[PDB]
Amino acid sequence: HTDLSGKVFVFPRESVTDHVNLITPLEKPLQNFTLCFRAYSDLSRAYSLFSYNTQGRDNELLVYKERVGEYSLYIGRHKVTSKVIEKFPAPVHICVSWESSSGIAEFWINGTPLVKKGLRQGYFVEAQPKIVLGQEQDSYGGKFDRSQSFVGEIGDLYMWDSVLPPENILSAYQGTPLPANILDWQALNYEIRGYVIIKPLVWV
């Protein structure tokens, strides 16, 4: 594991090639979780922020951006979308959390909570995933669509297996996150594929 503290992955161009493979020992199905990260991009079109597929399952867990001020979350091919007021272009800090028992999906854009939506109550996101950054999988680790490619910068990615409380969300947002157990920026296990440069985080 590498400590990417103070740095970010910069996907410099539109392609159906460049991407990063995040590696995690997720052996037991996900029931609860929280995902946080920063992104900076001036793309007007829709693009995938975080793709997570398992065998035979497309969009098992996908954080997709529809257009400005509109974020979508997919849980087992199901989808919820919540709106927010935001400038364009501008850096963003996203934290999305889901909880099987209630099915309640909760977005936190820049330390601000959006309206709660619910989906797939009592479902379990399948274990042993293929997590890619920069592209949107339509297969287990592949079948990328160019019009869904993310071009910009991504940093400070953390994923916990629990549903973080407001205090913990804001801390992450403020730069002092709790240690993550599913994916941690300070001990990341990745695989750079294609054209993707690592540079320091200058916009925070």
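Numbering starts at 1 and runs along the sequence shown.
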Take the C-alpha B-factors listed in the entry for 24-32 and for 50-58, compute each mean, and give the stretch with the larger one. 24-32
Regarding 162-170 and 146-154, which shows the higher C-alpha temperature factor on average in the entry? 162-170
Per the PDB entry, maximal CA B factor within 90, 73, 84, 125: 125
Using the B-factors in the PDB entry, rank residue 187's C-alpha atom against the chain and give the third, lowest, middle or highest. highest
Quick one: classify residue 44 as lowest, middle or highest third of the chain based on its Cα B-factor. middle
Of the three thirds of Cα B-factor ranks in this chain, residue 129 occupies the highest
Based on the deposited C-alpha B factors for this chain, I'd like to know if residue 16 is in the lowest, middle or highest third. middle
